[PDB]
Amino acid sequence: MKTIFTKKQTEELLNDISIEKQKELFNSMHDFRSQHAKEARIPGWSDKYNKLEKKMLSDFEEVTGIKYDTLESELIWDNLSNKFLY
Ligand SMILES: [Zn+2]
């Protein structure tokens, strides 16, 4: 679904935020997404999962200044994962 910012706006933001801050956000997204993959198809959400989720949300807001939402986060993830290698 359409995101709160355009695709072009999101690209241009990621041409402005520093590479080190982008990498920070990539790593916290990567850690969350990996844990989500382990728990996606089974009951419950572990305390570890919740901890990683909360970290990701906090880093998202710190690095981007954008109120967290799942769709704009996805669009940012796709851009970050294209650039960075865990
Ligand atoms: Zn689950």
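We count residues from 1, following the sequence as given.
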Original post:
So how far is it from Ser73 OG to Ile66 CD1, rounded to the nearest 0.5 Å?
Top reply: 9.5 Å

Original post:
Going from CE on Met56 to CG on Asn27, what distance comes out if it is rounded to the nearest 0.5 angstrom?
Top reply: 13.5 Å

**OP:** Can you see which heavy atom on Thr64 is nearest to which on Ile76, and at what distance?
**Re:** CG2-CD1, 4.3 Å

Subject >> Contact summary for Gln22 and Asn79, nearest pair of heavy atoms >> reply: OE1-OD1, 4.4 Å

Original post:
Mind checking who shares a hydrophobic cluster with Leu71, ILVMFWY linked at side-chain heavy-atom distances under 4.5 Å?
Top reply: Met1

Subject >> Side-chain hydrophobic cluster, 4.5 Å single linkage: members besides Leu85 >> reply: none

**OP:** Kindly write out the residues that satisfy ring pair (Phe, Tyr, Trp, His ring centres under 6.0 Å) with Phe26, not counting sequence neighbours, or none if the list is empty.
**Re:** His30, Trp77, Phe84

Subject >> Pairing residues for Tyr68 by the ring pair (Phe, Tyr, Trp, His ring centres under 6.0 Å) criterion, not counting sequence neighbours >> reply: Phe60

Could you tell me which residues satisfy side chain to side chain contact (heavy atoms under 4.5 Å, CB included) with [X], sequence neighbours excluded, listed by chain and number?
{"X": "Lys48", "answer": "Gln35, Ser46, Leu52"}
{"X": "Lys55", "answer": "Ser28, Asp59"}
{"X": "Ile4", "answer": "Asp69, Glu72"}

**OP:** Specify whether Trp45 and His36 have parallel, tilted or perpendicular ring planes, treating 30° as the upper limit for parallel and 60° as the lower limit for perpendicular.
**Re:** parallel

[X] side chain to [Y] backbone, donor-acceptor under 3.5 Å:
{"X": "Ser34", "Y": "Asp31", "value": "no"}
{"X": "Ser58", "Y": "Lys54", "value": "no"}
{"X": "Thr6", "Y": "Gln9", "value": "yes"}

Original post:
Which pairs, with at least one residue in residues 10-24 and sequence neighbours excluded, count as a salt bridge (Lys or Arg N to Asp or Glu O under 4.0 Å)?
Top reply: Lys8-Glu11, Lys8-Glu12, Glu20-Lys23

**OP:** Return the set of residues passing salt bridge (charged side-chain N to carboxylate O under 4.0 Å, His left out) with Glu74 (not counting sequence neighbours), or none when no residue passes.
**Re:** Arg33

**OP:** For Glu61, check salt bridge (charged side-chain N to carboxylate O under 4.0 Å, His left out) against everything at least two apart and list the hits.
**Re:** none

Original post:
Are there more than 12 heavy atoms of other residues, nucleotides or ligands under 6.0 Å from atom CD1 of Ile19?
Top reply: no

**OP:** Answer yes if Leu75 and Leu14 sit in the same cluster of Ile, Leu, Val, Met, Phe, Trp and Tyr residues linked by side chain heavy atoms under 4.5 Å apart, and no otherwise.
**Re:** no

